[PDB]
Amino acid sequence: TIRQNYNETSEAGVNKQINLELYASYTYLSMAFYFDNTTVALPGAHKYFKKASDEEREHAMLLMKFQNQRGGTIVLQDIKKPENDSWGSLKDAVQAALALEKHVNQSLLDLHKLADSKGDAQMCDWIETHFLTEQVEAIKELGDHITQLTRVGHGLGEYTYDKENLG
Amino acid sequence: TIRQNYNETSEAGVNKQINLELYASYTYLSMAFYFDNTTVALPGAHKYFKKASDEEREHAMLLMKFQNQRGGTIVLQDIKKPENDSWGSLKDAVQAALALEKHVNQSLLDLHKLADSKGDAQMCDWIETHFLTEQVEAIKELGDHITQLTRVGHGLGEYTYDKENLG
Amino acid sequence: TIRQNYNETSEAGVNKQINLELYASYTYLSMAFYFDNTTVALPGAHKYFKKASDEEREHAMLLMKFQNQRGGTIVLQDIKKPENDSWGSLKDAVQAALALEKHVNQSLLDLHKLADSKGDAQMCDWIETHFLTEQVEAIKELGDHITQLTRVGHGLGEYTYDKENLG
Amino acid sequence: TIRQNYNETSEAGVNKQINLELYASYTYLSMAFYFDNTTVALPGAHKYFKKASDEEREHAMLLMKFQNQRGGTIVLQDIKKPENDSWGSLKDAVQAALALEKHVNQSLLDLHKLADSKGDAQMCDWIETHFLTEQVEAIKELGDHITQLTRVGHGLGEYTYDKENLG
Amino acid sequence: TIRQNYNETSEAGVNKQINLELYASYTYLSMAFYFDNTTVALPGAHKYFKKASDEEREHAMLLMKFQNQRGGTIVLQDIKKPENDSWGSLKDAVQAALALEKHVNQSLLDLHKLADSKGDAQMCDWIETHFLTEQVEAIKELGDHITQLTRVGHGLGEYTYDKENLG
Amino acid sequence: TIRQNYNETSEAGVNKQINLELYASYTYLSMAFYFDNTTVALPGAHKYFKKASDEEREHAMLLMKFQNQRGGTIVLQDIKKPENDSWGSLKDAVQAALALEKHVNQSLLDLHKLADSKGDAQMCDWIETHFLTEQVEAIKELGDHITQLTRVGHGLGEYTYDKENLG
Amino acid sequence: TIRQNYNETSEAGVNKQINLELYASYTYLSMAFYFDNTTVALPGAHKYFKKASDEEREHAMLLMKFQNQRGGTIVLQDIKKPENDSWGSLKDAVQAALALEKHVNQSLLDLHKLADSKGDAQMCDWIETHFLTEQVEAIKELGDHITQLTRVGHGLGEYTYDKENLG
């Protein structure tokens, strides 16, 4: 009875993005503690990625809160385990994160393009306010990270950028 | 000479939104002082609804300011007296407020699709920023109030929800 | 059961002073946003008349609270739109205001004359305490405002009084 | 040689009201301690009525002070013991106080109407300033209380209103 | 243009009350500096009566401010010289001020009766608010002083009551 | 490798908008120091336009930061010198600025239209969030200034508005 | 009638320098945002050159202020777009700024030598006070930077100097 201008296809897209943000959260947590293994031992990457895990779990909860505000119903799925068990050099993990965030961006845009076709002006603006520029700034951050990490090279530079920059 | 991309039909629609926001305001004032009558005596509801009345008046001034900013012209109408002189129990009045808020939301969504068809980016963003999400938030709040007022039940519970939740 | 020494003619009297007060709130809010128009651009009168709109809206609620205190029943009517869509010069606006407040004042005294003619000591003293002198002091204020606005003249003077004295 | 415009009849009516304000005081102190009885044990009503009894003693001292200000002589009578020795439910006692304060308001308006017929402008205003509006608000407060006492009902609702609202 | 419900006779009354208030002021100033004289030399009464002069001139200015407010025209007259050049003992001086406030009080009550007959309810409340109760309190204070000046008697007692009570 | 859903015409439009806010920033610099001339010497207009010149500079910079954030390339052109070398009366300059801002507002709305047509949801919300409402507020502000500057006229009115309002 | 000892030729040379200080400003702002590009991502150089560009804009405003102080008229020219659209390595951009500031120092000494030949003692001193020593220190700072950029080398040394020393 609060539901208004809230399409069922939009409702299911919210449900798939919820799962999607949880999966991003689970993947970053895996990166965080891959950097906590003694054989890797990059503490700033671990701090940085652990908070990336917290933020994406906050994205999933925004989507959940929004599903309820609009009169939708929350339907949770399995959160697939991450696609790798270890994540390589630092630059490899950051490159993995960029690819993850671009796929997350693309789904948000698909979700956006979808509420638009259902005439859902509020849902469109809600997604712009909370996700579309944040995703854009997140992807620029990572692009910068990858360029700098190429600059300072393997070895002493990877340590330096992990300490003086990530966290 | 300050008018720029402001359609004659968009302006007329702001003028009717001004009236509707003033109608909401006057209805909530009726609700506020109904709950201050000795045969009802619910000080939470009165506080709560007096605030609501104040806010619907602020929305009406926003729109007037918005008309003036975009080069339009405020044209005022009578403010129709509210559909009821008394509003029953606490839950009933809450339900009337949900009914009115959904009606105000549909007028806003209509006004949004209108400016969109005249291709008025600034106006659609304006409605989104100041209104469309506040309507969703308020419609969710009213939904929760009707649900809890059902859980608390008549008698002691109506008083408790009124005292400890509303104002 | 709380009603005592409260004639049904007076209960009707308060109800219609309520409407009259709300009408003045709306007249003034029209004035305040007429002065917000680019073609007019008098920020001081905008502030001043906006304030005056809230103060008569508070007047209306005193009466509503009173009606309730004595054991009456509020019955709201429509709030008729203002006499005028636009308000001329600043002096023109202030002079219509003085007219409004003398009409209002007159009906307060016709409402007083009749709580008196029914032996309602407390109504008369409540009207005196909250209304008769506040009206007097306002009408004097507005008369001073008309005399000064004549004094400083159109154009630069109108500006200066608006800026330096109204808000 | 301080007496001026002070009717002999107004003076005796002040003396009877003095007795009536004390009568109220003693009735309230019998309520306040009935609710301190273990068979009743409502500490919130006890607090509440004890205060009321101080209030009504204070009123009595206002009238005595006034009789001295206007050149009259205070003549004291027995303070009749209250009408009951126990006062039933909390709602029973509140309705009973509404009746007392109803009688007192009638006695005060009749006093007002007496001094008005004797041309005593200062007396009329004094009664208006110290008593008549605060009797109206007292009757408003007690009516409201009764309505909320009927709403919360007997048992858990009586306890709650005792503890939360009275005292 | 501001004048409303303000009779020509009352306006003449406000003018005579103004002259009386100024006359009052000028008699207390005389008393004040009579006590400043070496042959009298009562400094507490000099302080006291000087404040009574300052306060009676404030009364004169309120009435003028009331005249301007109601749309009257202030018409001023000679301020007659007080009735005595010297005022005997401290008790005599108070007895003359008791005589003087009672004349003022009678004139204030004549003034009330007379706006009342013209149905000027604001003017009746105004005289009640600012003057009527104040006259009563001052006559009681003056009578109180007079009884005490009898009790302390002549000599050392007049000295003591001047220093320790007046100022 | 960060570029995503960013069209290549949009990227061109961001560069020409960059050139357009620098052209404005430079026009406002010209105006600011024209009023600093002894033959003109309006210090308030100096401050005011100097600050507008900084704000349009920052507009240019936000647009370059967005080009970078979105994965495009900044290409700059000559900053065309302002269209006049002197700016007439104060009211003339504020008219030139309204023209200038309405032209900016047109290209921003052409850039919004244009990204919309490519489906660039984030760019649209970016222009609404930083530019479209800011434009509308500046235009209203400017039109009010012209209306007031008209009212106060030339001579003392121009000096006064310069000093008390602009800067 | 303020102009004194101010040669026509000195005046035009001030105007050309104004253009040259702005030219520097726009060249630096193109550096500052090239280093904000993801392919470069040197936030320390971005901070650094953005500041330099504000500095050089400020210089421009000094010259405009001076041309007004000495009775001349400011004549604005196009601001030519910088020489490159991207600026290579961090050391490449610093050497390039050293060359710019070298040209500017030459243009400023030639301006100095011009006013000296025209007997303009105040102008010579002004250029000495606001520009010539702070060009020398600017050339000193940039030389030092280049030497430390050649010392830390490309890769890890570039990152470090960016982060630690510039910004």
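Chains as they are written, first to last, in the deposited numbering: chain H, 3 to 169; chain E, 3 to 169; chain F, 3 to 169; chain D, 3 to 169; chain A, 3 to 169; chain C, 3 to 169; chain D', 3 to 169. A prime marks a further copy of an entry chain.
Here a beta-carbon is modelled for each residue, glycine too, at the ideal position from N, C-alpha and C.
- Look at the beta carbons and you see the region 73–83 of chain F touching the region 83–97 of chain E: at least three pairs across the two are nearer than 8 Å.
- Straight through space, the alpha carbons of F:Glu143 and A:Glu136 are spaced by roughly 27 Å.
- Cβ proximity to chain E below 7 Å picks out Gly121, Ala123, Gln124, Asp127 and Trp128 from the region 117–129 of chain H.
- Among the bridge pairs identified by DSSP, F:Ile81 is matched with E:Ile81.
- In summary, D:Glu23 is buried, with 16 or more beta-carbon neighbours lying within 10 Å of its beta-carbon over all protein chains present.
- In the three-state reduction of the DSSP assignment, E:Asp122 falls in the coil class, being assigned neither a helical nor a strand state.
- In the same chain as E:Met33, and ignoring 5 residues on each side of it, the C-beta atoms closer than 6 Å to its own belong to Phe51, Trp89 and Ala95, in chain order.
- Counting along the chain, H:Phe68 sits inside the alpha helix (DSSP H) bounded by residues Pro45 to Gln71.
- For the 9 Å CB-CB criterion, D':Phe35 and C:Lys67 form a contact.
- Non-local beta-carbon contacts of D':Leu116 in its own chain, meaning distances under 7 Å to residues more than five positions away in sequence, involve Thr11, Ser12 and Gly15 in chain order.
- Taking every protein chain shown into account, the CB of A:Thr149 has fewer than 16 other CB atoms within 10 angstroms, so this residue is exposed.
- Note on geometry: alpha-carbon atoms of E:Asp146 and F:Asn70 lie some 30 Å from one another.
- In this structure, D:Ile4 lies away from D:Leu65, with their beta-carbon atoms at least 9 Å apart.
- Proximity to D:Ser55 across D:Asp122, D:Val154, D:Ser109 and D:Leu102 peaks at D:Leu102, based on C-alpha coordinates.
- With 16 or more other CB atoms across the displayed protein chains lying within 10 angstroms of its CB, C:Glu58 is buried.
- The beta carbon of F:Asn107 falls within 9 Å of a beta carbon belonging to chain A, placing the residue at that interface.
- Residues of the same chain with a CB within less than 6 Å of the CB of D:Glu160, apart from the 5 flanking positions on each side, are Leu92 in chain order.
- F:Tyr8 is a Cβ neighbour of F:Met125, given a cutoff of 9 Å.
- Under the three-state reduction of DSSP, E:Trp128 is assigned to helix.
- When DSSP assignments are scanned along the region 93–123 of chain E, no uninterrupted stretch of alpha helix (DSSP H) that is 4 or more residues long falls wholly within it.
- Boundaries of the alpha helix (DSSP H) harbouring E:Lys142: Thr135 to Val154, taken from the DSSP string.
- For the set E:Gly74, E:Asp87 and E:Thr75, the Cα lying nearest the Cα of F:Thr75 is the one of E:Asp87.
- For D':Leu22, the enclosing alpha helix (DSSP H) begins and ends at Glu10 to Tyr36.
- Pairing H:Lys165 with H:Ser27, the inter-Cα distance amounts to about 23 Å.
- If you ignore the 5 residues before and after E:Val154, its C-beta comes within less than 7 Å of the C-beta of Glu160, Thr162 and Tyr163, all in its own chain and listed in chain order.
- Those residues of the region 31–43 of chain F placed with their C-beta closer than 7 Å to a C-beta in chain A do not exist.
- Annotation for D':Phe133: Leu110 place their beta carbon closer than 6 Å to its own, counting only its chain and skipping 5 residues before and after.
- Using a Cβ-Cβ cut-off of 9 Å, C:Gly15 does not count as an interface residue toward chain H, since no Cβ of chain H sits closer than that to its own.
- Around H:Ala98, the same chain offers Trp89 as residues with beta carbons nearer than 7 Å, after the five sequence neighbours per side are excluded.
- For E:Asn9, no CB of chain F lies under 9 Å from its own CB, so it is not counted at the interface with that chain.
- By the criterion of a C-beta distance shorter than 7 Å, D:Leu151 is surrounded in its chain by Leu92, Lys93, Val96 and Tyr163, once the five residues flanking it on both sides are discounted.
- The CB of D':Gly155 never comes closer than 7 Å to any CB in chain H; the least such distance is about 11 Å.
- CA-to-CA, the gap between C:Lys104 and C:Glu139 works out to about 11 Å.
- Secondary structure of F:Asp87 (DSSP, three-state): coil.
- Along the region 133–166 of chain H, the positions whose C-beta sits under 7 Å from a C-beta of chain C are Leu134, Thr135, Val138, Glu139, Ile141, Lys142 and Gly145, read in chain order.
- The Cβ of A:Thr29 sits no closer than 9 Å to any Cβ of chain F.
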